[PDB]
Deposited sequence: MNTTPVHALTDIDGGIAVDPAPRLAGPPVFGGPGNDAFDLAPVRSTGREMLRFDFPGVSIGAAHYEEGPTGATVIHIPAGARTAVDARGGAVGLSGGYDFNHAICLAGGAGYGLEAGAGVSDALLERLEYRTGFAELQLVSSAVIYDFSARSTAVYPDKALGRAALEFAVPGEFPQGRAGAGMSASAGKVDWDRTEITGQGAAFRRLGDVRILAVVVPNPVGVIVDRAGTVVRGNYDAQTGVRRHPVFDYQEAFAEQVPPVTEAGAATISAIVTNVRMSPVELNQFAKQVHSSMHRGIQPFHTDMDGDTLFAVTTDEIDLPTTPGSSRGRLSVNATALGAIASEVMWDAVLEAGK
């Protein structure tokens, strides 16, 4: 095990946002991760009517960011090299609207100042979560605003919370797809802080450090999860078309306090994002919209090629794997 969480087949023709007086709910998930990271707040809100949600990482001072987008199905807004917030949401491309709610709320907080240096920058990424439920409800401006309003320092709701409400893994065949969640992990090493946040909605499965498939591609007929490569290789061996459902992505953030140059931060982002092919397999496929944000608060100076980015990247890769395993738990 763990116990199966099959998504089950969606019921088509379900209601959308116009059918409801949508009430934002503060997401608490299955448990709260507590950590110490001054200047970073996290909020998560959902609509039970979906169920679908949004998770917002708010860094009020603004933070330098690198964006690494992979796959054929990325859903991204802004992708800025400097952000006051990162907004992760369900609802496919429709859920990018949640980031507009964050942006608008930040503008209002700044008393509608619009000097170029005062622009409030929100980058948003989405997962397609419509197959995992029987409604067309999407995260909207009101839900992004709610997630920001619910944001507090040093807390993250694990599991079915915010953007993770209806995330799912293992999409060779929808009959074997399982609900994941969102996950976070945190490490402090001296003054160095690393926070990983992930919403895995992959076509692939979640894999632990022993190589065990722990979430996704669960066959009710056998009681066992299978690495998708075994399904693909048997399709090719039998000379029949392989199958896989569209509507997949993993959207993620690494937040650190270590000062990194733009080149270091971008190389760091690419290394950490590639590392996730250990815990999610396959990963970075044409079916996926994989988007990682690497964010630094530029607080700590560590003592032409960067050993510091490489070493920090290796550690952050482990924090991110732990976050993926929390999402699949």
Report summary line: In deposited-sequence numbering, the unmodelled segments run 1-18, 322-329
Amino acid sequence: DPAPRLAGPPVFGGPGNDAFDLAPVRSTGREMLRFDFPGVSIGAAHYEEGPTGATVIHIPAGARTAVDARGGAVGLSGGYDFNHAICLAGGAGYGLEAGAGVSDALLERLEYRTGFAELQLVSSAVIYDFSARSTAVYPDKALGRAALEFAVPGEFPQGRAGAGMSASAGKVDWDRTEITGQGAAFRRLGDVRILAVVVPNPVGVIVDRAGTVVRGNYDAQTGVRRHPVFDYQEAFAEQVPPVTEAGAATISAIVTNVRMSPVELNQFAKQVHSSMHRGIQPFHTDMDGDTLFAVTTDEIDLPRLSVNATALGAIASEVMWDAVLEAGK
From here on, numbers count along this sequence of modelled residues.
Query - Residue range whose averaged C-alpha B-factor is higher in the record, 238-246 or 157-165 - result: 238-246
Query - Entry-level comparison of average CA B-factors, 73-81 and 214-222, reporting the higher stretch - result: 214-222
Query raised in the report: Looking at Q182, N201, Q120, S134, which has the highest Cα B-factor in the entry?
Result: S134
Query raised in the report: Would the CA B-factor of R34 place it in the lowest, middle or highest third of its chain?
Result: highest
**Report entry** Position of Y232 among the chain's modelled residues by C-alpha B-factor, lowest, middle or highest third
**Finding:** middle
Report summary line: In terms of its chain's C-alpha B-factors, the third that includes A61 is the highest
Report task. Would you please rank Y94 by its C-alpha temperature factor against the other modelled residues of its chain and give the third it falls in: lowest, middle or highest? Result -> lowest
Report task. Quick one: classify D68 as lowest, middle or highest third of the chain based on its Cα B-factor. Result -> lowest
